[PDB]
Every structure is written in structure tokens, then in C-alpha cells.
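K.L.:
sequence plus experimental coordinates follow:
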Amino acid sequence: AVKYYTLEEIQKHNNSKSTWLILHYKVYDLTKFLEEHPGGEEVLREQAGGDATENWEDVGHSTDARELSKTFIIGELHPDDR
Ligand code: HEM
């Protein structure tokens, strides 16, 4: 099975209490990763609640960073918003 979230719902998780964001078609919960992010939490807060795919790709994340991102996946973006 798979759980789908709508863009509408994701936009409400944009704070230190709950930080979600979209990368491609997956939804990530980075709440417990904020203060652990080598890139700092400020950059993440700004992208919270939306599609950060471009920003994520542009900054040049390492292969190590990519594999680690997977541990934060909680579902997928509903096809209606893809
Ligand atoms: C899925 C969650 C993410 C993980 C697991 C993650 C992980 C990391 C790691 C391990 C680094 C260290 C350098 C490297 O290995 O590439 C890093 C650097 C960085 N990340 Fe992320 N990152 C995530 C999301 C993001 C997002 C969405 C943004 C941008 C909106 C971002 C912006 C940055 C920046 C600017 C740096 C610093 C690069 C530098 O100082 O040269 N990261 N990230």
C-alpha cells in the first residue's frame, strides 16, 4: 500500500513543530532532522510546506546525503497534484 498526501495538507506542516516537504513525488518529514542538517535548519524552514525538489538538486547534495534522505519518507504526493 501507499499513503498519499495532497499539496493542500502538506502546506500546513511548515514549522519547527512539524516540517514536511516534497522531493519529486515523495513526502519527507524532516522535523527531527532540522537541527541535525549540515546545511543548517534555516534553509530547510524556508522550504517547509512545499516542493523543494529544485533547491535540493541545485545545491549539489552528495550520494551520502541522498541515501540518508530516504530515511525521512512518510508517503507520496497524491497523483492529482503531480
Ligand atoms: C531530505 C533531507 C535532506 C538531507 C538528508 C540533507 C543532507 C545534507 C547533507 C548530508 C549535507 C552535507 C553535504 C552533502 O553530503 O551533500 C547537506 C548540505 C546542504 N543541504 Fe541538505 N539535506 C536535505 C535537504 C535539503 C534541502 C531540501 C535543502 C535546500 C532547500 C538543503 C540545502 C543544503 C545546503 C545549502 C547544504 C550546505 C552546502 C554547503 O555548505 O556547501 N538540504 N545536506
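P.N.:
Thanks, I have it. Numbers count the residues shown, from 1 in each chain.

K.L.:
list the contacts of the residue in the chain positioned nearest to the ligand.
P.N.:
Nearest residue of the chain to the ligand (C-beta to the nearest ligand atom) works out as residue 39 at 2.6 Å. Where C-beta positions appear, they are placed from N, C-alpha and C, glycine not excepted. By C-beta atoms under 8 Å, 6 or more residues apart in numbering, the contact list for residue 39 reads residue 59.

K.L.:
which SS class is it?
P.N.:
Assigned with DSSP: H, G, I helix; E, B strand; the rest coil, residue 39 falls in the coil class.

K.L.:
stretch 50-60 near the ligand at all?
P.N.:
Yes: under the criterion of C-beta under 6 Å from any ligand atom, the ligand is reached by stretch 50-60 at 52, 55-56, 59.

K.L.:
now stretch 4-19
P.N.:
No: using C-beta under 6 Å from any ligand atom, stretch 4-19 stays clear of the ligand, with a minimum separation of 10.1 Å.

K.L.:
next, give phi and psi for the residue of the chain closest to the ligand.
P.N.:
phi -80, psi 0 (degrees, to the nearest 10).
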